[PDB]
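Undergrad: Take this structure, written in structure tokens, and hold onto it; I'll ask about it next.
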Amino acid sequence: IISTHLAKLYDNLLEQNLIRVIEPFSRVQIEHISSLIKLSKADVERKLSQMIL
Amino acid sequence: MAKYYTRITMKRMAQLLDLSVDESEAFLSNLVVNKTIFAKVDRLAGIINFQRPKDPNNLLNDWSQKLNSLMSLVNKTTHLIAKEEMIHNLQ
């Protein structure tokens with residue numbers, strides 16, 4: 001049963017981490033935030049678009 | 001420096017901390033997210049500031065406070081002036 005909730009927990013935690021790392025400042029490049037979150041650029045861009053929508 | 005400065009470039013304060021810019025911002029990030037010092041750094045032009053945004057209620061409120069202080073001071077002057085004249089031109 002743990003594998004049923006592991007993916008959703010990971011997604012929620014990703015959202016939390018992204019909001020935490022964006023929070024401390026303002027306008028910034030995407031390369032730095034991708035390096036901080038150690039992910040690619042396209043997926044981070046889509047995640048940001050979904051969050052802002 | 002946040003107590004005295006208003007807006008400052010990245011490299012100047014990095015030099016004043018004797019350590020690299022990335023270390024500076026990484027060290028102040030956990031400070032600002034802990035809500036102990038307020039700053040909004042910009043990582044495109046290397047300009048950082050403090051200076052919380054201005055609310056309409058505040059501006060004219062401080063204006064009224066300055067008015068209050070002015071009235072109190074101008075009221076206090078006259079008594080001192082009167083006691084100055086009293087010791088010289090009473091007789």
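In the structure tokens, chains take the letters A, B, ... in the order shown, each chain's residues start at 1, and ligands count up from 1 in the order shown.
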Show me, as a PDB file with N, CA and C atoms, in the first residue's frame, every residue of chain B with an atom at most 9 Å from chain A, counting only C-alpha atoms.
TA:
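And here's result_18.pdb as it stands now:
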ATOM      1  N   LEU B  28      22.463  34.438   3.276  1.00  0.00           N
ATOM      2  CA  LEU B  28      21.357  35.304   3.673  1.00  0.00           C
ATOM      3  C   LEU B  28      19.991  34.729   3.315  1.00  0.00           C
ATOM      4  N   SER B  29      19.935  33.705   2.464  1.00  0.00           N
ATOM      5  CA  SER B  29      18.648  33.127   2.098  1.00  0.00           C
ATOM      6  C   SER B  29      17.967  32.500   3.305  1.00  0.00           C
ATOM      7  N   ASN B  30      18.686  31.653   4.043  1.00  0.00           N
ATOM      8  CA  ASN B  30      18.074  31.055   5.220  1.00  0.00           C
ATOM      9  C   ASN B  30      17.791  32.096   6.288  1.00  0.00           C
ATOM     10  N   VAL B  32      16.559  35.221   5.491  1.00  0.00           N
ATOM     11  CA  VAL B  32      15.314  35.882   5.112  1.00  0.00           C
ATOM     12  C   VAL B  32      14.131  34.925   5.208  1.00  0.00           C
ATOM     13  N   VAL B  33      14.329  33.634   4.923  1.00  0.00           N
ATOM     14  CA  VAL B  33      13.216  32.697   5.050  1.00  0.00           C
ATOM     15  C   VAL B  33      12.878  32.411   6.506  1.00  0.00           C
ATOM     16  N   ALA B  39      14.732  41.205   3.074  1.00  0.00           N
ATOM     17  CA  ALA B  39      15.453  41.641   1.888  1.00  0.00           C
ATOM     18  C   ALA B  39      14.851  40.968   0.667  1.00  0.00           C
ATOM     19  N   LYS B  40      14.945  41.645  -0.477  1.00  0.00           N
ATOM     20  CA  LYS B  40      14.414  41.142  -1.745  1.00  0.00           C
ATOM     21  C   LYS B  40      15.506  41.286  -2.797  1.00  0.00           C
ATOM     22  N   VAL B  41      16.350  40.278  -2.912  1.00  0.00           N
ATOM     23  CA  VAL B  41      17.516  40.372  -3.778  1.00  0.00           C
ATOM     24  C   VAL B  41      17.115  40.048  -5.208  1.00  0.00           C
ATOM     25  N   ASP B  42      17.781  40.689  -6.158  1.00  0.00           N
ATOM     26  CA  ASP B  42      17.548  40.464  -7.577  1.00  0.00           C
ATOM     27  C   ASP B  42      18.791  39.836  -8.185  1.00  0.00           C
ATOM     28  N   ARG B  43      18.619  38.682  -8.825  1.00  0.00           N
ATOM     29  CA  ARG B  43      19.732  37.947  -9.423  1.00  0.00           C
ATOM     30  C   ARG B  43      19.786  38.142 -10.931  1.00  0.00           C
ATOM     31  N   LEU B  44      19.450  39.332 -11.408  1.00  0.00           N
ATOM     32  CA  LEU B  44      19.619  39.668 -12.816  1.00  0.00           C
ATOM     33  C   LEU B  44      20.518  40.870 -13.033  1.00  0.00           C
TER      34      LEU B  44
END
Undergrad: In Å, how far is it from CA of residue 45 (chain A) to CA of residue 30 (chain A)?
TA: 8.0 Å
Undergrad: Just the residues within 9 Å of region 17-19 of chain A, please, counting only C-alpha atoms, with nothing from its chain fewer than 3 positions along; format it as a ChimeraX atom specification.
TA: /A:12-14,22-23,33,37,48
Undergrad: Generate a file of the selected residues that holds C-alpha atoms, formatted as a PDB file, in the first residue's frame.
TA:
ATOM      1  CA  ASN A  12       3.406  17.445  -2.893  1.00  0.00           C
ATOM      2  CA  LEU A  13       6.912  17.637  -1.451  1.00  0.00           C
ATOM      3  CA  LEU A  14       8.237  18.861  -4.802  1.00  0.00           C
ATOM      4  CA  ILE A  22      11.618  30.607  -5.078  1.00  0.00           C
ATOM      5  CA  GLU A  23      10.458  32.504  -1.983  1.00  0.00           C
ATOM      6  CA  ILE A  33      16.498  27.542 -10.086  1.00  0.00           C
ATOM      7  CA  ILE A  37      16.212  22.016  -7.567  1.00  0.00           C
ATOM      8  CA  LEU A  48       5.737  26.884 -12.802  1.00  0.00           C
TER       9      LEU A  48
END
Undergrad: Using Å and a single decimal, report how far CA of residue 47 (chain A) sits from CA of residue 2 (chain A).
TA: 24.9 Å
Undergrad: Taking the DSSP assignment computed from this structure's backbone, write out as a PyMOL selection string all residues of chain A that belong to helix (DSSP H, G or I).
TA: chain A and resi 2-22+30-37+42-52
